[PDB]
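As structure tokens, the structure follows; a few thoughts come after it.
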Amino acid sequence: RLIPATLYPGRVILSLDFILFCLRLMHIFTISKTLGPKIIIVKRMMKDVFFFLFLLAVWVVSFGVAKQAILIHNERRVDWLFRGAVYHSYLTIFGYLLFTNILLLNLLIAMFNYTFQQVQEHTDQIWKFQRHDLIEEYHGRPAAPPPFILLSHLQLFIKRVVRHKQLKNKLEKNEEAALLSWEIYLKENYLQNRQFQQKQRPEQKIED
Amino acid sequence: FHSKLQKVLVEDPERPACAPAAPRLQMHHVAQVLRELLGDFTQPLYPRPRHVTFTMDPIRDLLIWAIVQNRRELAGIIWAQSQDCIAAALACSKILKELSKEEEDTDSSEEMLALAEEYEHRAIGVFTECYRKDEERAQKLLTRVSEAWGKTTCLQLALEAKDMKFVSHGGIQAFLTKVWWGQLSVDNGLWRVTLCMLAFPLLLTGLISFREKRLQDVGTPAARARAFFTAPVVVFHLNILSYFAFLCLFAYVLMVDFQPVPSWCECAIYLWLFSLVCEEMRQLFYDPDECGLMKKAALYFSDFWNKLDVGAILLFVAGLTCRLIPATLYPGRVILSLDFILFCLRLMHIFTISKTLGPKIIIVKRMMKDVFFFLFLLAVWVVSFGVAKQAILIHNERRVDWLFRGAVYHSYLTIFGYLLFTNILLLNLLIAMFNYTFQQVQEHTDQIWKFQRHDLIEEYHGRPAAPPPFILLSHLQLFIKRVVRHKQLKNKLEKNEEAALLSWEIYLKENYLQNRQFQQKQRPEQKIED
């Protein structure tokens with residue numbers, strides 16, 4: 001930005017900054033109950049791509065190389081062959097069918113489904129555990145929109161110059177005694193029911 | 001065993017030389033057939049002849065006599081008081097599996113194949129008892145040459161006996177991962193290893209990790225440099241990078257360096273393709289156990305990945321003449337291009353190391369079969385509709401050359417774009433042929449891959465410590481040693497220490513048997529029977 005002459009080298013930095021901004025935008029679905037755990041599993045899906053790229057792009061580029069090799073055998077054009085091979089690879093990607101739809105697709109689908117299987121039980125627990133950190137963070141957040149939040153950012157200084165009661169508070173002792181007695185009664189009921197119901201197991205009956 | 005023992009008894013000719021009228025049974029006769037069953041790698045258990053005189057370990061021989069003729073209840077009773085009970089428990093399974101495939105029966109051939117799977121579990125359950133009392137002392141008995149079982153280790157028996165549930169225990173996998181690295185620590189990662197191998201001046205700083213902190217705190221600059229080339233993972237990374245750089249160079253000369261005077265990389269492609277086969281001299285030539293040369297050739301031919309590696313030279317077979325006379329441009333580009341394609345296909349073997357995609361390549365190598373016929377399910381109708389495309393055009397025309405290009409263009413357009421049959425009818429055929437053989441492989445692929453890991457680990461342990469580009473210095477240096485097995489996976493311990501190790505094993509075996517019987521008496525069916 002400071003020196004705007006570096007157009008050709010410099011557009012890519014800001015464009016990839018935009019791409020990373022968009023990637024950071026993807027965190028919003030943790031609130032979504034139906035897609036929160038889904039983003040959770042995708043964050044573990046991300047690993048297989050790093051190597052499926054080496055499984056795909058290398059052979060795509062290889063066949064692009066054979067495309068230029070078909071053309072002519074011997075030529076000396078570093079700049080021209082770059083554009084030609086780029087165009088050939090782009091055409092191959094847009095269109096190859098023997099390897100893309102048949103051989104690679106099931107590799108992809110299988111690498112997916114292997115780690116898709118057996119995650120139904122645990123993702124719910126993981127996401128319902130991770131909810132609380134965001135809930136507490138946004139509880140502790142100021143009550144102003146980010147565009148305007150400066151009014152409180154310039155106002156939270158005088159209080160310091162001269163935990164919340166929602167998730168952690170002190171009760172009155174007289175009421176707490178009744179609460180503890182209620183808890184004692186319910187614990188006694190639970191233990192009594194638990195032992196009464198566990199004595200009825202068929203293995204326990206056979207042992208008896 | 002009786003029949004084969006009779007055969008070896010009658011076939012030995014200088015045994016009847018003293019008295020041909022009566023055949024006399026001796027000790028070496030059972031030993032020879034026992035070696036035949038158990039494997040070539042072991043020396044004969046009973047020495048050749050050349051009051052009461054016990055042999056060493058007088059229980060192992062009674063255990064063989066009980067195991068061979070399939071005596072279930074005697075077998076456990078005799079094994080309950082054995083000297084070494086991982087090696088014996090694995091040899092008892094190896095013998096049973098070997099002698100349970102050429103019996104010509106369905107009753108005892110099925111009984112012994114199941115008794116082997118039980119001595120398997122005995123060997124597994126004894127070893128996890130040792131692996132939970134200690135960590136370092138639970139592997140020194142994993143790799144120790146046994147003088148009472150044919151001078152072989154407890155790991156080579158399991159590996160060669162097709163023990164699929166023992167070499168994938170976890171206590172076996174930790175020991176294999178430990179030698180996959182060497183003397184350096186394992187809790188480092190792969191990204192750090194690549195960062196250090198890419199940047200040569202990146203090992204003298206506090207980046208890479210180490211175990212046996214005597215060399216980590218007081219770090220010797222000379223030893224630190226040598227440790228990485230000693231490590232086999234570094235050798236593997238150098239090999240993969242060298243092969244990939246070679247393949248890129250071959251692509252480069254395919255692109256632009258294609259001169260009648262041999263381009264600066266023609267001799268280079270010859271020599272660095274020889275770089276693959278010169279190591280093949282080591283893999284094929286080496287026989288750690290006494291094995292036949294024709295058996296070595298058959299084993300090499302049985303490997304489809306090795307078949308692809310050979311097919312690299314097989315498609316060289318049409319390439320050297322095309323290079324020698326470069327006028328055959330139009331016929332000759334395809335040979336080298338398909339050679340590149342086969343090179344890329346051979347490059348796909350690298351993921352066997354990848355824990356998450358190793359078994360995945362394993363299953364894909366069995367996925368490859370369905371494509372051979374789905375091609376006949378797809379391409380034939382694609383070409384058929386391409387034919388109808390030209391049939392729509394005009395009815396009668398005589399242009400062999402022109403209609404070829406026209407039909408090729410029509411088929412290419414149809415492939416690029418048909419939608420009624422591609423996405424709807426064919427897709428689910430494909431997906432189903434996939435998912436049918438996808439289902440029910442979750443349990444076995446892990447065992448198969450964890451079994452196949454050891455061969456690559458041992459190969460790269462036996463590999464030289466130099467990169468393929470430079471490995472010629474050792475290829476020209478491994479000749480003077482010959483002119484005038486390793487201790488990592490097979491070594492001899494000191495007898496005084498071995499006695500204590502065997503006593504520790506005896507104590508843990510007793511504990512395991514005691515717990516096993518105490519826990520099996522508590523089954524509900526057993527309680528009802530009681």
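Quick note: the coordinates plus some simple rules give every number you see, no bench work behind them. Note: ideal-geometry Cβ built from the backbone for every residue, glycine included; neighbour counts use all protein chains shown.
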Worksheet item: Given (1) at the interface with chain A (Cβ under 10 Å from one of its Cβ atoms); (2) under 24 Å from A:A110 (Cα atoms); (3) among the small types (G, A, S), where does B:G332 come up short, assuming only one miss?
Response: (2)
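Matching residues to (1) in contact with a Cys (Cβ under 9 Å, 6 or more places away or on another chain); (2) closer than 30 Å to B:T445 by Cα; (3) surrounded by 12 or more Cβ atoms within 10 Å (Cβ to Cβ):
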residue	(1), (2), (3)
B:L141	yes, yes, yes
B:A158	no, yes, yes
B:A161	no, yes, yes
B:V167	no, yes, yes
B:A174	no, yes, yes
B:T194	no, yes, yes
B:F200	no, no, no
B:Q216	no, no, yes
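Select from region B:26-51 the residues that are assigned to a helix (DSSP H, G or I) and either of a type in the set (S, T, Y) or under 11 Å from B:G150 (Cα atoms) (or both) and list them in ascending order.
Hits for region B:26-51 are B:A31, B:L34, B:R35, B:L38.
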Discussion item. Anything in region A:47-80 that is surrounded by 17 or more Cβ atoms within 10 Å (Cβ to Cβ) and within 8 Å of another protein chain (Cβ to nearest Cβ)? List them, or say none.
Written reply: A:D48, A:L55, A:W59, A:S62, A:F63, A:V65, A:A66, A:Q68, A:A69, A:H73
Discussion item. Among the residues in region B:241-251, are any exposed (fewer than 15 other Cβ atoms within 10 Å of the Cβ) and within 11 Å of chain A (Cβ to nearest Cβ)?
Written reply: yes
Worksheet item: Being under 29 Å from B:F343 (Cα atoms) and among the aromatic types (F, W, Y), is that true of even one residue in region A:15-26?
Response: no
Worksheet entry | Which listed residue is part of a loop (DSSP other than H, G, I, E, B) and either over 30 Å from B:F246 (Cα atoms) or in contact with a helix residue (DSSP H, G or I) (Cβ under 6 Å, 6 or more places away or on another chain) (or both), from B:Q440, B:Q447, B:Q477 | B:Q440
Fill in: Contacts under 6 angstrom Cβ, first residue in region B:253-279 being away from chain A (no Cβ under 14 Å), partner surrounded by 14 or more Cβ atoms within 10 Å (Cβ to Cβ) and not in a loop (DSSP other than H, G, I, E, B), 6 or more apart
B:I269/B:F250; B:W272/B:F246
Worksheet, complete the sentence: Of the candidates A:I93, A:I70, A:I126, the one satisfying the condition of being touching a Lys or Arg at 6+ places or on another chain (Cβ under 7 Å) and among the β-branched types (V, I, T) is A:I70
Worksheet item: If only one of B:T321, B:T352 is more than 8 Å from chain A (Cβ to nearest Cβ), within 29 Å of B:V233 (Cα to Cα) and of a type in the set (S, T, N, Q), which one is it?
Response: B:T352
Fill in: Unmet criterion (only one of (1) outside any loop (DSSP other than H, G, I, E, B); (2) more than 31 Å from the chain's Cα centre (by Cα)) for B:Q522
(1)
Practice prompt. For region B:288-307, indicate whether the set of residues that are surrounded by 14 or more Cβ atoms within 10 Å (Cβ to Cβ) and within 14 Å of chain A (Cβ to nearest Cβ) is non-empty.
Written response: no
Worksheet item: What tally of residues in region B:416-441 results from selecting those that are of a type in the set (S, T, Y) and either loosely packed, with under 12 Cβ neighbours inside 10 Å or more than 17 Å from B:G386 (Cβ to Cβ) (or both)?
Response: 2
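Listed here are the residues, each with its yes/no results for (1) closer than 30 Å to B:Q439 by Cα; (2) out of contact with any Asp or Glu (no Cβ under 6 Å at 6 or more places or on another chain); (3) of a type in the set (D, E).
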{"residue": "A:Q125", "(1), (2), (3)": "yes, yes, no"}
{"residue": "A:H132", "(1), (2), (3)": "no, yes, no"}
{"residue": "A:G140", "(1), (2), (3)": "no, yes, no"}
{"residue": "A:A143", "(1), (2), (3)": "no, yes, no"}
{"residue": "A:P146", "(1), (2), (3)": "no, yes, no"}
{"residue": "A:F157", "(1), (2), (3)": "no, yes, no"}
{"residue": "A:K165", "(1), (2), (3)": "no, yes, no"}
{"residue": "A:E188", "(1), (2), (3)": "no, yes, yes"}
{"residue": "A:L191", "(1), (2), (3)": "no, yes, no"}
Discussion item. Pairs needed: first member in region B:130-148, within 17 Å of B:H169 (Cβ to Cβ); second member anywhere, in a loop (DSSP other than H, G, I, E, B) and not aliphatic (A, V, I, L, M); C-beta distance under 6 Å; at least 6 residues apart or different chains.
Written reply: B:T143/B:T153
